[PDB]
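Okay, here we've got a single chain as structure tokens, the form deposited in one PDB entry, with questions on binding and movement later.
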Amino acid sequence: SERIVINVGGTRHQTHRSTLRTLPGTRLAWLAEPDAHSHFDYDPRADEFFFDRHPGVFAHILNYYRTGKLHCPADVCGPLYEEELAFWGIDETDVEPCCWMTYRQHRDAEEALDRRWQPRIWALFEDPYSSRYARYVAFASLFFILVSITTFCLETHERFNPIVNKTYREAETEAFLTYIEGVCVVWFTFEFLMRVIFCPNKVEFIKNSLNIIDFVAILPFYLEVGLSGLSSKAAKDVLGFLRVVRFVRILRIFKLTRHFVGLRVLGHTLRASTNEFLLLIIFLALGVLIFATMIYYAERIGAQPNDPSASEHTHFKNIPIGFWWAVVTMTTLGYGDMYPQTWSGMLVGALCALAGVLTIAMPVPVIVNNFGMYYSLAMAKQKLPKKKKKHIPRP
């Protein structure tokens, strides 16, 4: 008589058949049919149906059935409630906004985070420490990347570019640094040559950004060597262009840091928080423009309409330079190259400081907390090494 008792894991839940039918197409709606006594596990003597599930969360699922809103309990995790909803046939997109984010947190974080000697030669990058030879190769690669970066940094130092007035007063970098860069080049191009020759999935290897970086890093030395024969003025200009391009040597440390879990988590966080990064950029641009205009106008209060001497006493000659001042003041960087010198400009700068603090504190915590989730999940996955399931599902 409209009375149905559901025994979920030893706990008897009593509700109405109309309440069960309120959500058609689900297991509890099917149970509310006159044929459930034969279509389900039914007890004639006890006059109740049995279910080997978790009653505590069945209570909340039946609360959805009863009221019309699907919430999520805070005493169990999202994955557990998801398994129970899947078993009961409840659509997980019915979760109310008051619980959706907490319910999805873990799944969202997981989504964000996720010849016979030819294989041996291709194993040079895969777990280099696994083999002694590959570990030694990795150590040599670290040496020859650090040395290349050091040579690139030193080539710009004035000590290594004494001015030669014989050939014409121009500068000339020392040749020993070039020789060290050359030995770096020969070793690193040996590695690149073996990687390119012994290369499965050629399309993927070419598309690989790290390999592209390696190729564009090795190109300039060869191009400079070849073009030196031409020894033309246009060849000199192209040599200058090649020197400009030589900066790609610093990008070979991303290969070294590619195995770092913190770096991978940071990359995943950057991919996930694109909206927050765009929000930060837009906020910063708005504040920069507004405060540059405000300081420009506050530093000219009481000035003549067109007198050129109005701008002779203020660092803020124009609004574009106020942009730089505003970004520096908003980031609390405060270089001091430009600062207000009037009372009105002083008030404007104070407002700029507080506004920058607040507008940067708006989305940076969101990005930081996303990074926290992803880092914690990665560390947990490390601390939980793969092992036997220990559980046998039913035949």
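Start at 1 with the first residue shown and count on from there. Rigid core here is just the name for the largest C-alpha set that superposes within 1.5 Å across the two forms.
Keep in mind that the form deposited in another entry is not shown, yet the notes after this line are about it.
- Query: Core aligned, which of 303, 290, 147, 216 has the Cα that shifts 2 angstroms or more between this form and the one not shown?
  - Reply: The displaced C-alpha is that of 303.
- Task: Superpose the two forms on their rigid core, then report whether the C-alpha of residue 237 is displaced by 2 angstroms or more between this form and the one not shown.
- Result: It does shift by 2 Å or more.
- Task: Looking in that other deposited form, decide if the C-alpha atoms of residue 306 and residue 292 are closer or farther than in the form shown; they differ by 3 Å or more.
- Result: It is farther: in that other deposited form, the C-alpha atoms of residue 306 and residue 292 lie at least 3 Å more apart than they do here.
- Direction of the Cα shift between residue 318 and residue 306 in that other deposited form, where the change is 3 Å or more: Farther apart, which means the C-alphas of residue 318 and residue 306 are at least 3 Å more distant in that other deposited form.
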